[PDB]
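What follows is a set of notes on a single structure, which appears directly below.
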Amino acid sequence: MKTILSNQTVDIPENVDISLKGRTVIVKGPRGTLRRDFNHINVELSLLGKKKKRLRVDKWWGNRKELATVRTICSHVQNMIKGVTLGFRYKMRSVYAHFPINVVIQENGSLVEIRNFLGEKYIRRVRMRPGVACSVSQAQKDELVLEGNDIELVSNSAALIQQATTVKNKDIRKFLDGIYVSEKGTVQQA
Amino acid sequence: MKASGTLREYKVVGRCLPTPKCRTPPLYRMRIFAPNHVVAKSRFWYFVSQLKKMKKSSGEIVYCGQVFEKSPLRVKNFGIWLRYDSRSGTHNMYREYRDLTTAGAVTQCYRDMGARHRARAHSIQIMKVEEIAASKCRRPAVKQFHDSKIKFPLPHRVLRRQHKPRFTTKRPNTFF
Amino acid sequence: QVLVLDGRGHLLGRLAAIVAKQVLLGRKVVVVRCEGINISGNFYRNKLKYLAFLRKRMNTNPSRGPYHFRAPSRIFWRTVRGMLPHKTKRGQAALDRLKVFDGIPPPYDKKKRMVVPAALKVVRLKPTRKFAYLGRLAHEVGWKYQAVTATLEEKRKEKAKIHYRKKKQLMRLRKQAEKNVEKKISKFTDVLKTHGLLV
Amino acid sequence: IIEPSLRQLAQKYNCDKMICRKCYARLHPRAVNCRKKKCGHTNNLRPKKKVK
RNA sequence: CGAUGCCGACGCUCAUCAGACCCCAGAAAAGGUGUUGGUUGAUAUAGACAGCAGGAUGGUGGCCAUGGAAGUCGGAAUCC
RNA sequence: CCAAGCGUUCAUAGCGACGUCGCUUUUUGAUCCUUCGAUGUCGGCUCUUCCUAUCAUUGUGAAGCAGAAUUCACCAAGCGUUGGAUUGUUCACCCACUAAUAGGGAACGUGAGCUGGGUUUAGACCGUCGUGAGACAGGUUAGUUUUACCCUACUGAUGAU
Ligand SMILES: [Mg+2]
Ligand SMILES: [Mg+2]
Ligand SMILES: [Mg+2]
Ligand SMILES: [Mg+2]
Ligand SMILES: [Mg+2]
Ligand SMILES: [Mg+2]
Ligand SMILES: [Mg+2]
Ligand SMILES: [Mg+2]
Ligand SMILES: [Mg+2]
Ligand SMILES: [Mg+2]
Ligand SMILES: [Mg+2]
Ligand SMILES: [Zn+2]
């Protein structure tokens with residue numbers, strides 16, 4: 001049954017500055033500027049509140065499927081507020097039994113070379129997504145640190161450098177090797 | 001039956017035939033919804049024959065009148081007690097509607113069992129219609145209109161009369 | 001004396017079904033920009049739908065059986081040809097009035113072109129339903145001149161934006177001459193106002 | 001040979017899943033219905049056998 | 001292809017194999033947290049459903065039947 | 001499909017009784033609808049294309065997947081699936097190689113394409129049956145395989161608008 005109104009409301013903090021050209025929410029803050037066009041959802045985004053303390057989304061006459069697109073939007077806008085005010089840090093470890101996974105960062109973080117994965121001679125080169133800066137960290141024997149503003153980019157480049165290192169034609173229950181995302185977090189704390 | 005047009009709301013009474021034994025039998029009122037009195041008397045006999053040991057030949061129709069609405073200018077909440085058959089079994093139901101007339105809400109119930117359950121007009125058997133207070137309704141599709149300050153926009157006004165300007169210069173507008 | 005229909009935003013079978021009647025009514029129709037036409041239903045579905053058409057060839061000599069035109073203009077022409085008696089000299093004469101194009105060639109680039117609101121996608125298609133561009137679909141089913149039509153289209157939009165600015169200018173002048181002259185057109189304006197032409 | 005906490009990661013991804021007895025899909029641990037259209041989103045799942 | 005080029009009514013339905021009208025020209029058992037509508041039964045400010053701990057033991061390692069099965073391999077038991 | 005059991009344990013890794021629901025027309029039947037002023041009736045050889053119910057190869061999911069080998073399943077018919085002893089064989093069987101030596105269709109593809117070993121005229125032999133002439137999905141041997149120059153299709157060759 002079509003519901004008359006279904007709406008939510010993200011609460012912007014005073015530190016962020018947000019505007020929208022229709023369904024194109026642009027969010028500017030301490031770390032950058034992120035824009036995510038929502039022209040494929042058919043809702044009403046209102047930048048209500050003076051000084052724009054909050055953003056309110058409305059779906060009028062929406063079936064059950066379209067009522068889902070409400071909280072999805074309100075969660076992407078809060079993941080842009082978060083990735084613009086704090087950042088996205090995808091700390092990830094490397095698990096190897098015998099052959100050490102020798103990883104190296106080129107191009108100032110926009111490319112990763114993985115050598116000696118399972119003692120192979122193929123050097124996996126993985127181009128990062130534009131905006132995602134990988135860097136070997138310290139205090140941890142073998143791990144990487146991915147950093148960025150857009151969670152879709154950070155998480156997808158982590159899925160790229162995780163799926164690149166997969167075991168083939170073996171028993172993936174015994175051959176537990178790879179570069180797995182251990183911790184999802186933020187650049188600066190809160 | 002066939003729920004043609006809009007159904008009227010008929011009040012049919014009828015009695016068995018007088019005999020030497022029962023010098024006068026009891027009258028039996030029913031509350032039929034049908035296109036016209038000719039179909040209303042036939043559903044009166046369908047029902048009376050399914051309840052009492054009484055047939056159209058063995059009886060007579062004492063009165064078949066249309067009962068109008070007592071407030072056709074007040075939006076009401078009608079609740080109906082269906083009884084219908086599917087391809088496998090027969091089920092009782094209870095459906096609610098917002099309408100102005102009782103026969104209106106019953107027409108909307110025939111078109112609703114037709115839409116949702118593909119039940120032809122002859123499988124359905126209305127057994128009780130009752131105007132319900134807004135605080136006794138159950139279906140959330142009907143409770144949602146019980147608001148005093150209701151407010152909503154018509155958001156995607158698709159252009160009708162697509163063929164009067166059939167060949168036009170400007171493109172259609174849907175925001176209004 | 002001619003219809004110039006912009007194919008952008010229109011549905012394929014609805015545009016065809018409407019063109020194939022004016023053409024049969026002795027009216028010369030020119031469908032332009034046949035790569036803006038978009039069919040309903042998700043892309044990959046419409047791909048599998050045209051790939052199945054490609055799979056229907058004459059088994060003994062393919063140089064005879066169904067011809068599968070890969071351009072959007074000729075796909076539209078081919079689908080209008082299904083709504084015509086193209087095996088009679090009044091359906092061949094019909095088809096001889098249709099004239100389909102990709103992009104807007106320069107006979108019709110400088111011409112106001114009509115629209116059929118009985119076949120548009122915004123009008124005929126619920127907003128939450130997917131669709132497939134006939135241009136993209138022709139590119140992924142064997143159309144080669146998509147990247148050429150694209151540049152030749154942007155090179156046109158840049159040229160038309162100048163005309164539209166030189167016309168908003170010719171309408172600011174006229175909107176201010178209708179104020180410098182308002183003193184001596186004051187008697188010719190009320191007569192156009194008491195008859196609903198100028199209100 | 002390996003550390004047990006780094007073994008918990010790899011087991012969280014490679015071994016700790018559910019399998020659809022009807023299409024052998026690889027579903028997250030808290031799965032009740034398969035996600036593949038080729039089995040009918042069946043509710044007949046099992047745990048991914050643990051290695052020995 | 002003659003006739004809806006009605007500002008036709010109300011809902012249902014997304015199919016990466018849709019559907020489309022007596023005879024009729026093609027399908028079933030069994031399924032689905034796809035979605036829509038119903039039926040019965042529970043609990044919910046004596047605060048629920050989720051979500052993030054503790055604690056599951058004394059008798060008892062119960063009697064039983066086994067090479068031994070100790071809250072967990074079998075069976076009547078099934079009480080504090 | 002359900003799931004009593006099998007599987008050290010554990011119904012569903014892989015299977016599965018008792019039942020039960022379907023698909024196909026490459027098995028044989030049932031029918032007799034078309035053809036008896038004739039549609040050349042078995043195989044093999046040659047040649048094309050198509051099916052997928054996948055043997056191998058590509059990319060993958062699952063195991064009672066340590067590796068190696070091997071089973072189950074998916075998208076998938078692009079590309080392959082052989083050389084020989086015996087038999088007229090289809091089928092079968094064995095040797096050898098191989099990645100694999102999967103199953104099929106097209107008037108049980110294909111005789112104006114071949115062959116003619118089998119079947120299936122007339123000659124003869126043996127066995128059983130019949131008093132006999134003769135009979136035998138019982139063995140044996142010898143036994144005429146015609147025509148395209150027409151129309152289409154296809155292959156190439158002129159040309160036509
Ligand atoms: Mg192996
Ligand atoms: Mg057992
Ligand atoms: Mg004949
Ligand atoms: Mg002949
Ligand atoms: Mg012949
Ligand atoms: Mg298959
Ligand atoms: Mg043959
Ligand atoms: Mg022949
Ligand atoms: Mg011959
Ligand atoms: Mg011979
Ligand atoms: Mg002889
Ligand atoms: Zn599954």
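Here, A, B, ... name the chains of the structure tokens in the order displayed, residue numbers run from 1 inside each chain, and ligands are numbered from 1 in the same displayed order.
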
If we count only C-alpha atoms (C1' of nucleotides), what is near residue 133 (chain A) at a cut-off of 7 Å, once residues fewer than 6 positions away on the same chain are taken out, given as a PyMOL selection string? chain A and resi 109-110+146-148

Please build the interface table for chain F against ligand 1 with a cut-off of 12 Å, listing for each qualifying residue the nearest atom pair and the distance in Å to one decimal; count only C-alpha atoms (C1' of nucleotides) and all ligand atoms, order rows by chain and increasing number, and write it as a tab-separated table.
residue	atom	partner	partner_atom_place_in_ligand_line	distance
F:63	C1'	ligand 1	1 (Mg)	11.7
F:65	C1'	ligand 1	1 (Mg)	6.6
F:66	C1'	ligand 1	1 (Mg)	9.4
F:67	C1'	ligand 1	1 (Mg)	6.8
F:68	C1'	ligand 1	1 (Mg)	6.6
F:69	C1'	ligand 1	1 (Mg)	7.6
F:70	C1'	ligand 1	1 (Mg)	8.9

Keeping only N, CA, C and O atoms (P, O5', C5', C4', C3', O3' and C1' of nucleotides), write the selected residues as a PDB file, in the first residue's frame.
ATOM      1  P     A F  63      32.614 -26.914   1.103  1.00  0.00           P
ATOM      2  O5'   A F  63      32.361 -28.481   1.011  1.00  0.00           O
ATOM      3  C5'   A F  63      33.230 -29.392   1.659  1.00  0.00           C
ATOM      4  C4'   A F  63      33.156 -30.762   1.041  1.00  0.00           C
ATOM      5  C3'   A F  63      34.379 -31.633   1.253  1.00  0.00           C
ATOM      6  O3'   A F  63      34.372 -32.249   2.530  1.00  0.00           O
ATOM      7  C1'   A F  63      33.703 -31.733  -1.014  1.00  0.00           C
ATOM      8  P     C F  65      37.051 -35.718  -0.453  1.00  0.00           P
ATOM      9  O5'   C F  65      37.436 -34.171  -0.472  1.00  0.00           O
ATOM     10  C5'   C F  65      38.542 -33.676   0.268  1.00  0.00           C
ATOM     11  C4'   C F  65      39.405 -32.747  -0.549  1.00  0.00           C
ATOM     12  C3'   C F  65      40.359 -31.859   0.234  1.00  0.00           C
ATOM     13  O3'   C F  65      41.525 -32.549   0.652  1.00  0.00           O
ATOM     14  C1'   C F  65      39.336 -30.641  -1.545  1.00  0.00           C
ATOM     15  P     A F  66      41.893 -32.694   2.213  1.00  0.00           P
ATOM     16  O5'   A F  66      43.306 -31.975   2.372  1.00  0.00           O
ATOM     17  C5'   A F  66      43.406 -30.593   2.691  1.00  0.00           C
ATOM     18  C4'   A F  66      44.821 -30.095   2.536  1.00  0.00           C
ATOM     19  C3'   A F  66      45.406 -30.245   1.138  1.00  0.00           C
ATOM     20  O3'   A F  66      45.064 -29.178   0.274  1.00  0.00           O
ATOM     21  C1'   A F  66      46.935 -31.098   2.716  1.00  0.00           C
ATOM     22  P     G F  67      44.658 -29.478  -1.248  1.00  0.00           P
ATOM     23  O5'   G F  67      46.047 -29.786  -1.960  1.00  0.00           O
ATOM     24  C5'   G F  67      47.187 -28.963  -1.757  1.00  0.00           C
ATOM     25  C4'   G F  67      48.413 -29.610  -2.345  1.00  0.00           C
ATOM     26  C3'   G F  67      48.187 -30.303  -3.678  1.00  0.00           C
ATOM     27  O3'   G F  67      48.190 -29.401  -4.767  1.00  0.00           O
ATOM     28  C1'   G F  67      49.423 -31.718  -2.255  1.00  0.00           C
ATOM     29  P     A F  68      47.453 -29.788  -6.138  1.00  0.00           P
ATOM     30  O5'   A F  68      48.000 -31.249  -6.453  1.00  0.00           O
ATOM     31  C5'   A F  68      49.060 -31.457  -7.372  1.00  0.00           C
ATOM     32  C4'   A F  68      49.244 -32.923  -7.656  1.00  0.00           C
ATOM     33  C3'   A F  68      48.071 -33.589  -8.355  1.00  0.00           C
ATOM     34  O3'   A F  68      48.055 -33.378  -9.755  1.00  0.00           O
ATOM     35  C1'   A F  68      48.695 -34.900  -6.520  1.00  0.00           C
ATOM     36  P     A F  69      46.663 -33.083 -10.495  1.00  0.00           P
ATOM     37  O5'   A F  69      45.904 -34.474 -10.345  1.00  0.00           O
ATOM     38  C5'   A F  69      46.335 -35.618 -11.066  1.00  0.00           C
ATOM     39  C4'   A F  69      45.702 -36.871 -10.519  1.00  0.00           C
ATOM     40  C3'   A F  69      44.195 -36.979 -10.654  1.00  0.00           C
ATOM     41  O3'   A F  69      43.769 -37.347 -11.952  1.00  0.00           O
ATOM     42  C1'   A F  69      44.784 -37.514  -8.460  1.00  0.00           C
ATOM     43  P     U F  70      42.504 -36.608 -12.599  1.00  0.00           P
ATOM     44  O5'   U F  70      41.313 -37.048 -11.640  1.00  0.00           O
ATOM     45  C5'   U F  70      41.029 -38.422 -11.419  1.00  0.00           C
ATOM     46  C4'   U F  70      40.036 -38.600 -10.301  1.00  0.00           C
ATOM     47  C3'   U F  70      38.658 -38.020 -10.557  1.00  0.00           C
ATOM     48  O3'   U F  70      37.866 -38.844 -11.388  1.00  0.00           O
ATOM     49  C1'   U F  70      39.349 -37.462  -8.376  1.00  0.00           C
TER      50        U F  70
END

Among chain D, which residues does DSSP mark as strand (DSSP E) when it is run on the backbone? Keep the chain and numbering as in the structure and answer as a PyMOL selection string. chain D and resi 18-20+26-27+45-47

Expected file contents, prior selection, C-alpha atoms, as a PDB file, in the first residue's frame:
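To be explicit, this is the file written out as again-v3.pdb:
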ATOM      1  CA  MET D  18      27.022 -20.719   4.373  1.00  0.00           C
ATOM      2  CA  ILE D  19      26.442 -22.833   1.269  1.00  0.00           C
ATOM      3  CA  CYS D  20      23.189 -23.372  -0.619  1.00  0.00           C
ATOM      4  CA  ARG D  26      28.744 -18.817  -0.933  1.00  0.00           C
ATOM      5  CA  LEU D  27      26.539 -16.837   1.455  1.00  0.00           C
ATOM      6  CA  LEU D  45      21.334 -23.737   3.532  1.00  0.00           C
ATOM      7  CA  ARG D  46      24.172 -25.451   5.375  1.00  0.00           C
ATOM      8  CA  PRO D  47      27.417 -24.352   7.048  1.00  0.00           C
TER       9      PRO D  47
END

Step by step, measure atom-to-atom distances between ligand 11 and each residue using only C-alpha atoms (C1' of nucleotides) and all ligand atoms, keep those at most 10 Å, then write them as a list in words. residues 120, 121, 122, 123, 124, 142 and 143 of chain F

Can I get the selected residues back with C-alpha atoms (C1' of nucleotides), as a PDB file, in the first residue's frame?
ATOM      1  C1'   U F 120      15.534 -59.549 -50.512  1.00  0.00           C
ATOM      2  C1'   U F 121      13.776 -62.810 -57.255  1.00  0.00           C
ATOM      3  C1'   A F 122      15.276 -66.617 -60.623  1.00  0.00           C
ATOM      4  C1'   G F 123      20.681 -71.446 -60.058  1.00  0.00           C
ATOM      5  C1'   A F 124      22.400 -74.916 -56.358  1.00  0.00           C
ATOM      6  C1'   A F 142      26.998 -67.183 -57.200  1.00  0.00           C
ATOM      7  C1'   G F 143      23.908 -63.075 -58.627  1.00  0.00           C
TER       8        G F 143
END

Given a cut-off of 6 Å, which residues of chain D touch chain A, counting only C-alpha atoms, written out as an MDAnalysis selection string? chainID D and resid 1:2 10 15

Quick one: of E:37, E:5, E:19, E:51, who's nearest to chain A, counting only C-alpha atoms (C1' of nucleotides)? E:37

Select, as a PyMOL selection string, those residues of chain C with any atom no more than 6 Å from chain B (distances computed using only C-alpha atoms). chain C and resi 114-118+123

Keeping C-alpha atoms, export the residues of the selection given above as an mmCIF file, in the first residue's frame.
data_model
loop_
_atom_site.group_PDB
_atom_site.id
_atom_site.type_symbol
_atom_site.label_atom_id
_atom_site.label_comp_id
_atom_site.auth_asym_id
_atom_site.auth_seq_id
_atom_site.Cartn_x
_atom_site.Cartn_y
_atom_site.Cartn_z
ATOM 1 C CA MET C 114 8.621 18.774 -33.337
ATOM 2 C CA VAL C 115 7.970 16.348 -30.470
ATOM 3 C CA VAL C 116 5.397 13.594 -29.959
ATOM 4 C CA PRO C 117 4.230 13.732 -26.308
ATOM 5 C CA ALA C 118 2.225 10.529 -26.887
ATOM 6 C CA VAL C 123 5.141 10.567 -20.374
#

Spatial neighbours of residue 41 (chain B), 12 Å, only C-alpha atoms (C1' of nucleotides), chain gap at least 3 places, as number ranges by chain: B: 1, 10-14, 29-38, 44-49, 55-56, 59-66

Just list the residues in region 127-160 of chain C DSSP gives helix (DSSP H, G or I) on the backbone, as a ChimeraX atom specification. /C:134-139,146-160

For residue 143 (chain C), please output as a list in words all residues within 9 Å (counting only C-alpha atoms (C1' of nucleotides); exclusion window: fewer than 3 positions along the same chain). residues 69, 70, 71, 72, 135, 136, 137, 138, 139, 140 and 146 of chain C
